[PDB]
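Take a look at this single chain, the form deposited in one PDB entry, given in structure tokens.
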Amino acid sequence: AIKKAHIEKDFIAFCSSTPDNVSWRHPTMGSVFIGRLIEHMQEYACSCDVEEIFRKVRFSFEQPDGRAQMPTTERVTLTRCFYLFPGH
């Protein structure tokens, strides 16, 4: 027997900046968004789901400086909370 399934589901995309806008990269320290994501993943993977971690990353960019960017979550079809449960 065959069953129907959603073609697109359980996706989440996290981009470094909003449409039309730039993303920044330090020539020796690396990309700002990437470094910020790693920092937040290391800290919040244990206690938060990926949607919440991504929100926290956006918040860390809230106060703009000379080099400003606002990371964006796009095309979400997560129907559940995705916890990484690091260590398990």
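So that there is no doubt, residue numbering starts at 1 and follows the sequence shown. Superpose the two forms; the largest set of C-alphas matching within 1.5 Å is the rigid core.
Enquirer: Out of 26 to 34 and 53 to 61, which one has CA B-factors that are higher on average in the deposited record?
Expert: Comparing averages over the C-alpha atoms only gives 26 to 34.
Enquirer: Tell me which of 11 to 19 and 62 to 70 has the higher mean C-alpha B-factor in the deposited entry.
Expert: The deposited B-factors put 62 to 70 ahead on the C-alpha mean.
Separately, the form deposited in another entry exists; it is not shown, and the next lines address it.
Enquirer: For residue 73, state whether the C-alpha moves by 2 Å or more between the shown form and the other one after rigid core superposition.
Expert: No, because once the rigid core is superposed, the C-alpha of residue 73 moves less than 2 Å between the shown form and the other one.
Enquirer: Taking the rigid core as reference, does residue 22 move its C-alpha 2 Å or further between the shown form and the other one?
Expert: Moves: yes, 2 Å or greater.
Enquirer: Is the CA-CA spacing of residue 33 and residue 19 tighter or wider in the other entry than here, given a 3 Å or more change?
Expert: Note: Cα gap between residue 33 and residue 19 shrinks in the other entry.
Enquirer: Using the form shown as baseline, tell whether residue 22 and residue 59 are closer or farther in Cα-Cα distance in the other entry, where the change reaches 3 Å or more.
Expert: Compared with this form, residue 22 and residue 59 lie farther apart in the other entry.
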